[PDB]
Amino acid sequence: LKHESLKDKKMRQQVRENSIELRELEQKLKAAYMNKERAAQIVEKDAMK
Amino acid sequence: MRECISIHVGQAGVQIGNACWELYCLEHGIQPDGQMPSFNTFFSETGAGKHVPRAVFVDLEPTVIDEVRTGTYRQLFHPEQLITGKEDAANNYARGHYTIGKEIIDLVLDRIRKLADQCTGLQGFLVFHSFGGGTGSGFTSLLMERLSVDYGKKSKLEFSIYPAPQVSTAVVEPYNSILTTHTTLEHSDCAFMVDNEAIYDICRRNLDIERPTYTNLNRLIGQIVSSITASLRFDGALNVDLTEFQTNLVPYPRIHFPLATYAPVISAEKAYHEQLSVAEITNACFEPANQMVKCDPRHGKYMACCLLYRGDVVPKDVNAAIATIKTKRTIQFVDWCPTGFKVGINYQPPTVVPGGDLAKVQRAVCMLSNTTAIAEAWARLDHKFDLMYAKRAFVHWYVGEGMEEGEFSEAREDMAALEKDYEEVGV
Amino acid sequence: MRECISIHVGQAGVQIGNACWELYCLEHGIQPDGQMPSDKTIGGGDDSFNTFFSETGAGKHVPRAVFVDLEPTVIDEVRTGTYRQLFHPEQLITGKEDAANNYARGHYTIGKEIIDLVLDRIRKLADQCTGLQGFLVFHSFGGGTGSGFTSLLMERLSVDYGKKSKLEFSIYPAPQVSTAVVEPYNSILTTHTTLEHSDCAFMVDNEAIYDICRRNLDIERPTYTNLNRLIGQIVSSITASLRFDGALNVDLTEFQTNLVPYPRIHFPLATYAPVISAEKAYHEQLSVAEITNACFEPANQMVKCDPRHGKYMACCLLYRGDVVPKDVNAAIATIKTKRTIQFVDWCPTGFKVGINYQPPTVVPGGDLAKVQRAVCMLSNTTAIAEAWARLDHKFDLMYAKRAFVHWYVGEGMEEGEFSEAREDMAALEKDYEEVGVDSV
Amino acid sequence: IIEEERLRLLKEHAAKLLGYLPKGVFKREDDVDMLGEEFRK
Amino acid sequence: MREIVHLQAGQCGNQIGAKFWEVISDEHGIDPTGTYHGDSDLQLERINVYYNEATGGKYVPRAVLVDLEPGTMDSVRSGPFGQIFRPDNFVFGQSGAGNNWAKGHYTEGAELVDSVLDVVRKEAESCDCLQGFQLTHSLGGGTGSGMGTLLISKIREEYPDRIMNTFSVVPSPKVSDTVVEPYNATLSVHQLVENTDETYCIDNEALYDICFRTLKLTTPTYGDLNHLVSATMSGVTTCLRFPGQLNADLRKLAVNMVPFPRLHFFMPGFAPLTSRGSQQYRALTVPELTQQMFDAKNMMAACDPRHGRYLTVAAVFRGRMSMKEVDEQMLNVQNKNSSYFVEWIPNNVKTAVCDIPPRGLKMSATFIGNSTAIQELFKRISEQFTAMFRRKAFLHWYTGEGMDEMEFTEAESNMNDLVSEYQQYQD
């Protein structure tokens, strides 16, 4: 069981860090979340005014 | 274990520290009354599940501490830490140095002792203050001198509001500013400074904000301090320890007064349309507008420049934009510094305060300049003192409260030596 | 990556870009909110918008245009209209005090406070360019900002940038029906500061578009919104060859070397041939040959000038839609061998043909119809020397009794500047007459 | 194995980021693992 | 073994080139991903003539596709066979000429031709015993004819011995698609007389004739017209890639053809050409393509050979055929008349028969005729060049980049001794 767990986790981590479609995927996700937060906060400050 | 102990002295100190500690408490997941529903750089931990800051607050007018002691952060601090005097320093260097602070310097140093025995890997102190007032000059001078001769060669960083050219509230402000610069010329490792008039102009221009209060300035100073000390809490591509500034920036032991700014100060309604890449922000650091201390940049040449990048940043963008800045030959770097810069990078992006006005930006730079331009500010700050001290205005209170007439003179000469020292290291 | 910077100026420039940028948001899939919709945002195979629109990292497209005038009431219908959040708000420059229909007020007095400001927003827009194909000035020969400040932009763009293309679109004051009285003082004093610093400048009367609307579009009483759809269709058709690929792709830098025989004869006149009301498009075939024979008419021009009294120096025919180029070359041999269409005897080649694949689009509410193919002729005929024999006489009668000159000399101008820019069109009225002459 | 890992990371992180995505995050029709609501969008 | 490097220049060149590589690749069994899917054993051995040898059994061409404007090669990255090119080979620029032969020879052509010429040696280094080059043009433009002349002389100085073919499309004289081209065709012929070892000229006006009257198309696109040139492009090189019982490669068809080394402007044609219906009714014998390779209607340049004599005549044939019957019908052509035929060269005929026809026809024929009746093609462009140049029309564009008034007159004097060098042999 220990073998199972450790090997699985290590595989996942390193293989993700190494492939690539993932790099573009992450940049996209981060930017999207950031701009969503930005618009939400703009709306919030407008409501505050 | 990169622990630092923060002491806020002066009303400028505690009112900056309010914004600083709300920023640090929202930085981690700590809810503001103390609990939690990496943080050991600034917070000790008790087994009920409580977090205690490494902070000591002090003033000699009880109301500015007592509003903190009653307000929404009453359960953050061990309530003996909020030190409080009885009689105000009354804008008097002699009273905050010789007469009134002799009741409270012992208490604040003993609580500094207890916090430094709580700590285990100690690195430095953060003393927050101004150059305007009696307890912002004299009590800070006694505090720094005693901590220097007591603790050793540990980094007592100080943060200074600076007296602007045409912006002041006091009348006697050259007197106590030249006095605190004289007696704190030696035992502070570095002294960062900011100008309230320049922050006023940036608040008018970049942020599209008219009539700013003091909270809209202290938020910016909190972002500056957090960008200084993100390296100890969060790990990155090129970390920079807090001791590294001492061997990095200052070349001679009277020149430890670097300037700062922070480039993506931008509101949401414009940053929604504008992208801010690495080359954009590091070119934007070097405008005469977007600096944060009023000195004419083009009249001075640069000595060193420590950039701190925060967020998503790839190091080749930095290493290309630095040479792009260097080759212009109008940004005059001194001919005995071919290295030029010093750069650090951290991964975790700048954060956002509730009730805020700076837009959430993915990456940000805080740059620490060391210019030759501030000789004009020292010339004018010697000149105003010289205008008043031609016929002994306002001196008789301070001489009735504890210095003779000659000590203002020897502080005048021991400050003019520094203005000669810039022309020495300039030519 | 190719690019244009569509810089407007004047109150008759903001009212052109209102109907110009609504066309370019329809050619692409762009909403007025700026974000692309759901269908085109997963594949992303199209990068045809990079000529005019920028692209931020959060997926919003901001166009490349700056709107300039000194009258704060026609920009303030853009910050509350449908296109409120498309344009970046730092690109709508707007002055408090007016220009008030004086050239000298808009060159020396008021415009110096904005000549520095607009040349910082220009430097942003031209800085994203890997390669700049050319600017697009939209101005007017009528009043203060559209004629004075345009000359101040020309003497500062070319000093800044230099050998870079800068096309120009301009109305021309009508023969008979114009709307000002100080107006011929301007149109003689804005040609003189454009004879050196503009690589090409198209000519349009608003009077000839008032004639095509009662005739071809079958519309009675046309408003000013229906004049900026026709001009907005041409500036689509000039720049469509950058964005959408073709069989004979003709860029902007192609034109300015291919239309001017001598370097102060850069005033070509243009037309758009298949303008048909949607009733008569149901009745008329619109082939490729018969909309080439309908540019050279005495009625489908855009300057009130019949070129029967002149020799055609060159043409530059640009086609758009579904055309096949066997059938283009059959028709250009008809027009050269026809007897009336006069060609100058030092141009035996004559023409320039361009082909593109996109059919012209339809704006909702536009009086034009969906026509499968459309052309756009560009020529600088000899006949335009007739029209200066009308405007330069109207400068002479007013300057003989020195009417209206006392506002100009008091608003930061010397009285001699009317004299030297009167003798300057005493050359250009001759400079057309030396090159229209047959060979000796 | 790298394509299977890419599917695992997509179906873990991209579930709630519905209303917007950048351009290169989806290629050759990966929606079938998150079938439930991405199709109707 | 004997290999060919291919060069494609201008917007017309890439449109010609993308259609050309299809009629080589489908001949050689190559799919659009570049993996061999052919059937016959003889198909594959001479794949090294044009193609390289990629890994895993993949084949890539040896073309370099120079263009000033990137807006034409984005079409051929999405073409039907547009994938197999190596993406290093695509070379493109930022600023287009815009039909200005001065700008396509001096201004940005000098900046770009390094990037082409490093790729030029790279596809030449992989050769074993290189045999020559190949180029595609249309003379009327500033981007292809302008770049092409600087692309010919810079390759002559490094590989001067090799048989360097260069195609050309001379401009249509009845209606031109450009008005500035008499400066452009006349400035390019002078560079095309001196340096190229072999050239062919193509009136595209006669291509409008050859689809209308003979082929009976209704909607002839340029892409379908570039099929007709692509038969002749593969038609001449058919002995370098295939067997032969009477073969003639490129070198045996140049030095067997050209009498004097300023006379290499030829006039080609293709004999078995019919509409889809009309193919059925008309025979496929040996004289029935001899009827049509010399047939003045079925020519490719608009210079009728009843305006002079044929210096030497060639016809490469494809397919297995008898050689009495190709000889007696070539004996008859010279002997039915002596007016259109040269006295002082006793024979005229060049004959070549390979063994594999193009797929779709049992027989094929590609014509090369070196006629004296090409001189009116130059006295036509001589009068159109001197019509513009008397009043100096359009000349203020060509001057401003480094060209003077003398550079047209020497390119007209050399252009005007070419007719007399033709008129002396013609009479």
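Per the header: electron microscopy, 7.7 Å.
Cβ atoms here come from the backbone N, Cα and C positions, even for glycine.
Per Swiss-Prot, these features apply:
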ACT_SITE  C:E254  active site
BINDING   C:10-12, C:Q15, C:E71, C:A99, C:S140, C:143-146, C:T179, C:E183, C:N206, C:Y224, C:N228, C:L252  GTP binding site
BINDING   C:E71  Mg(2+) binding site
MOD_RES   C:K40  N6-acetyllysine
MOD_RES   C:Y282  3'-nitrotyrosine
MOD_RES   C:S439  phosphoserine
Alpha-carbon spacing, the residue listed as 'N6-acetyllysine' to C:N228 (GTP binding site), which is rounded to whole Å: 29
Listed recorded positions (C:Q15, C:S140, C:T145, C:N228, C:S439), ranked by Cβ neighbours within 10 Å, top entry: C:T145
Nearest recorded site to C:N228 (GTP binding site) by CA-CA distance, among recorded positions C:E71, C:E254, C:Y282, C:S439: C:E71
Most crowded position, judged by CB atoms within 10 A, among C:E71, C:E183, C:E254 as recorded positions: C:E254
Spatial neighbour of C:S140 (GTP binding site) that is closest, considering only the recorded positions C:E71, C:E254, C:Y282, C:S439 and their CA atoms: C:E71
Cβ atoms near the residue listed as 'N6-acetyllysine' (within 10 Å, other residues, all chains): 13
Other CB atoms within 10 A, centred on C:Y282 (3'-nitrotyrosine): 9
Those residues of the chain, 6+ apart, with a Cβ under 8 Å from that of C:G10 (GTP binding site): C:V68, C:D69, C:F138, C:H139, C:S140, C:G142, C:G143, C:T145, C:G146, C:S147, C:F149, C:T150
Among C:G10, C:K40, C:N228, C:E254, C:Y282, C:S439 (the recorded positions), residues with Cβ under 8 Å to chain E, listed in sequence order: C:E254, C:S439
Distance, C:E71 (Mg(2+) binding site) to C:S439 (phosphoserine) (CA atoms, angstrom): 51
Secondary-structure category, per DSSP, in which C:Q15 (GTP binding site) falls: helix
Integer Cα-Cα distance in angstrom, C:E254 (active site) to C:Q15 (GTP binding site): 29
Spatial separation of C:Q15 (GTP binding site) from C:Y282 (3'-nitrotyrosine) - C-alpha basis, Å: 31
Distance [Cα-Cα, Å, rounded] between C:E183 (GTP binding site) and C:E71 (Mg(2+) binding site): 18
